[PDB]
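One structure is given here, and the rest of the page talks about it.
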Amino acid sequence: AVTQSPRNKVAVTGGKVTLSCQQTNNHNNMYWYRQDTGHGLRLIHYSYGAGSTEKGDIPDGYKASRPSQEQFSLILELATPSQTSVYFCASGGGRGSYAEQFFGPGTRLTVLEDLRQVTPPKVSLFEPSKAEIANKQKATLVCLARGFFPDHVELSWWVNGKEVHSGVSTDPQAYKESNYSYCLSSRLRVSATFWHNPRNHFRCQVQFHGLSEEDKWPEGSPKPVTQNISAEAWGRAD
Amino acid sequence: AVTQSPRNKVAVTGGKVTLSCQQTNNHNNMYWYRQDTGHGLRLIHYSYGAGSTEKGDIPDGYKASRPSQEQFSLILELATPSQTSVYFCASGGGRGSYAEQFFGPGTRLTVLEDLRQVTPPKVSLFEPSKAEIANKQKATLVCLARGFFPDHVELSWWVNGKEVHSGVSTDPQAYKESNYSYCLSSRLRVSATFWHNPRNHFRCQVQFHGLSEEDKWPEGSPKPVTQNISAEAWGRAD
Amino acid sequence: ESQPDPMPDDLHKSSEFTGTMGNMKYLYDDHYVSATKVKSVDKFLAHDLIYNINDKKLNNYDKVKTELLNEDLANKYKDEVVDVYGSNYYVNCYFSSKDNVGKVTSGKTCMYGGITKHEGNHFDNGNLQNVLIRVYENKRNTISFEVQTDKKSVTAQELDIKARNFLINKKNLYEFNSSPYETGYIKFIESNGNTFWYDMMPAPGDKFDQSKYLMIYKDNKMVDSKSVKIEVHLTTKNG
Amino acid sequence: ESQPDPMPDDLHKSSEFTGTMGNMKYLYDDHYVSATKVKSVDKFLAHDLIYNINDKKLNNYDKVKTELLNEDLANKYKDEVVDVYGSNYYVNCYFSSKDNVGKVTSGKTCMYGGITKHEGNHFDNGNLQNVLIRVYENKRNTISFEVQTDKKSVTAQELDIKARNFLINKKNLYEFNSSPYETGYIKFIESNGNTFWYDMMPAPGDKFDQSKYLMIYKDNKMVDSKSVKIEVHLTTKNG
């Protein structure tokens, strides 16, 4: 395996962040990459063995450490907006030799100005209108989670209490509907008769990730403890 | 698995190239990336199933096809210098989800002006001089393959007929010693007494890859049929 | 005598589709499922029948699932020896409940409609009904052509596929990334004046849901090949 | 009375090293292997002994391999109860022939020299010999300090490590990516005037071969702690 931690982080500018990566494969090398929307998977720092850490394509701003053979940790001393990206750690074979690397889950890090911008989302269910297009249906149900920040959310669908994966069409990525607001929308298409069975339940649950236990909230307003939101509805008679 | 083919290609500008990728994992998705020195691993095109091919970060110039579920092939219609890079194909899980992708070996493609520039390399063995530095030895043996083009070479070391991997220090990548010349150098360090046993053999073999069987050589000069070069030497008395 | 001709702003514009047009072309360029005298063998969801039909062209599948607008239509052909023709797809082709987004399996394909009874539907002396197709590029008849077929009662789908395939090659109706035309509707006109057209351009957006498009054939609309008139209409961004 | 002091252009410049200096710092900042009354237990290649020494600090290893300049020196301590001290490394730490570039194994480390006999080498009443270390930053004595040690006969290595560790913290001798100093040689001077210095800055290049550097301790040079003078010399790119 190749674990990662934290798996989501909201840090403020000027703060020092640290992301760890463990590797139960006994590999020599470890790599600290950062995938950026628009750009690709880029190499920041890597190491050929415990007690060595070479600069990769983009080292600037980051330090790294290979204190043990199992651990490699990328350090952000003066976290800035610029480091807002998704960090992938890879264990395994040699640099530039992807066929032998074992990637980690990925850490989503957003370095914002002030933590009072983190807002959980609103989630709603809608029905489109076939009459609006010449083509068919345009998706049975519409889940629209919006007005959230930062995008550390995972949308899901649950019919009759089970998470489905068939007929769902969640947007590839959250769209910044404003400088400090994100919009997301999945579309679950079912059989009309199914949507017309009043006994059938439909749940669009969005996972929000915000201020972690280690993040001290500035005294003055209630702190976003929120985790999992959802919009539900049932079948509308046929 | 996730094979690739060809695994090395010298094509001229204006030519149409095609690189295939097979996947015996029965994955839905397939991706066609290109790793570039200085830049990262970038996504060109990908596909969610047979008969679909979406544009990735950098689609320009490339076409792709997902004719079967097992095959995805990137097409370069008007191969140009710009497409000189290393193509990685990945099967597996979702876009941007590296933890589930299975990378392929990689295809090295160089799109040069005219095939008469492809030159096999010269390979030599040397001994550095400890007296040149305040530190120790500076590597027992020096292999220096130079004057080659394009860089489709793989250096190796063979002591007493066996390929060794311990004590070898081959440069990370071939250096362009000129616009149409590449230099490479590995350093195999052994025990002095070992280097002094006249019975011990040392072989620095470089693998050159050039004009493939499908490349018609312009009539006028001998065609580089060369494949594997090597420089050998034995132990120098103690 | 049924569907009103398309208003200019009712039709799709290819320049409003910022995706890989070649996903549209996949459907038409020499791509289809063909069957003769095949009986339904299974059913996933009511309105859909599953047939044992192998991929003669490239051994990709051995099963085909055609979905019809209603179970009434499914139940109709359930035990009827028929013929099958239409463009099949893969992304989003599910036969079982335990199949997540993105058809993970192999050996099976999907489609809509394309069924016609086999009994006496084929020509008395083994002839091929020719269907004339007139082309209008920018309100000007530029070219015309016929499309053969061994059936008295074909499906508009079959003709539309066959119609388009021809154009992909002759007029480059769909390029790999784009198309020379801005719009294109194939008007169907039967003997009784009944008219029904279809839109060849992908709905403006950055995606092309092949399974969503192919539903234009969900009804299984069939037409008398020996008397039907087909008019392919096209337009170009300038003239 | 042996090694001539370094000519200004004989020493290394940190600004000529375009790598991660923090690989140099790893060696000195609170990093070493320590042993007391340990017997050699194996041998890989003649000039090297292997000892059963566990990583008390962070359970990283349980074996240590120290290489000496010649088998004569190895064979010497082979069956001698000794003490072990010195900075150990990992990248390029091979114990077996079947170990490729990049120490793939775990539970073992490497090093050079650092051996001293244990017999009567430790102070009569359990005292710690203090060793004064004078610092010259740009030809000016700026600071001085002592470094304790439970041995009459220590290794210059031990003192150099201990010497440098102190500086990493007080003078930031080695930062993670750079260093405030341009050059730095630690001059050793014994009772008999014998002089031998070492260079703290990484050889100009874009790499730091930790295993290559640590060979400065291959000989196992030992010194009388009670009478030896150590002078750390440094320089800064300006003044």
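Here Swiss-Prot sets the residue numbers for chain D, with the shown residues being 28-266 in order.
According to its header, the structure was obtained by X-ray crystallography, 3.5 Å.
In case you wondered, yes, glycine gets a Cβ from its N, Cα and C as well.
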Zn(2+) binding, same site as D:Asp36, D:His145, D:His149 - Swiss-Prot member from D:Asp56, D:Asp57, D:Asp69, D:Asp110: D:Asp110
Rounded Cα separation (Å) that holds between D:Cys120 (disulfide bond) and D:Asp110 (Zn(2+) binding site): 21
Distant-in-sequence Cβ neighbours of D:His149 (Zn(2+) binding site), under 8 Å, six or more positions away: D:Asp177, D:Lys178, D:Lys179
D:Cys137 (disulfide bond) and D:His145 (Zn(2+) binding site), Cα-Cα, nearest whole angstrom: 21
D:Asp36 (Zn(2+) binding site) and D:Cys137 (disulfide bond), Cα-Cα, nearest whole angstrom: 31
Binding-site residues compared (D:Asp36, D:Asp110) - highest count of Cβ atoms within 10 Å: D:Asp110
